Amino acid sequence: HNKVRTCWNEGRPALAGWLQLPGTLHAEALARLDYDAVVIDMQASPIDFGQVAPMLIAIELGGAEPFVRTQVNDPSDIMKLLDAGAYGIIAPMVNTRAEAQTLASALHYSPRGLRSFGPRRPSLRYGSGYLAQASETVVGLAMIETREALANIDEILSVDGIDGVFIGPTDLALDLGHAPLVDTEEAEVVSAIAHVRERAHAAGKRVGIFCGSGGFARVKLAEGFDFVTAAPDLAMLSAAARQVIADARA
């Protein structure tokens, strides 16, 4: 079973890791922590497909559901990843109902979508009965990180075949005319985010958000978020080394 979906079915949210660094060793290492999922970021990173492919295997062995935030909302790229044992897709810059249908169409075999049939790695996981349950095995979120996304939120949330939406808070803050700051106090950004969540849950759909600290993720979890990511590997690693250095040199 999909571990995030089994979180949701058992009435609780998922906490996910977020990797910008390529490779299998930190991926597995983080996956064995009390993360329900680890997201590989193929957008704001040097991670291409050759590197993602072994990292999905690493996360699954680690005991976390492999998730990928794609470079772009592209049906054929999303389908390749599904076939490689990506079991969650987060599509950036989903701004319209049409783009969200485009996302949906990639996540589901006909007749519900137009997903190409060749399930190399999921067939090994789920076996010859994969077709029947393929849809439930995969989690699909549209990212909301523009003013336009915000305006089209109900129409995006109308789209059958996506589990929910995922807030890109830095892109969202920037396009709102504010500082691209993670975990921001900026009142407009904060109200926009709360508005996205309320609309999502009213549409009976799931909402997630990207966090830069445990402190902030704790708060989002308390406010009812279903899928919270904290924190990117490079940011935690950078912060950790800065502390090691200041402690060593004090």
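In this text, residue numbers run from 1 along the sequence as written.
Stretches compared: 6-14, 231-239. Higher mean C-alpha B-factor in the entry: 6-14.
Ranking 209, 38, 189, 58 by Cα temperature factor from the entry places 58 first.
The entry lists a Cα temperature factor for residue 126 that places it in the highest third of the chain's modelled residues. In this PDB entry, residue 91 carries a Cα temperature factor that places it within the middle third of its chain's modelled residues. Per the PDB record, residue ranking by Cα B-factor puts residue 69 in the lowest third of the chain.
Remark: residue 146 belongs to the highest third of its chain, ranked by C-alpha B-factor as recorded. Remark: residue 214 belongs to the lowest third of its chain, ranked by C-alpha B-factor as recorded.
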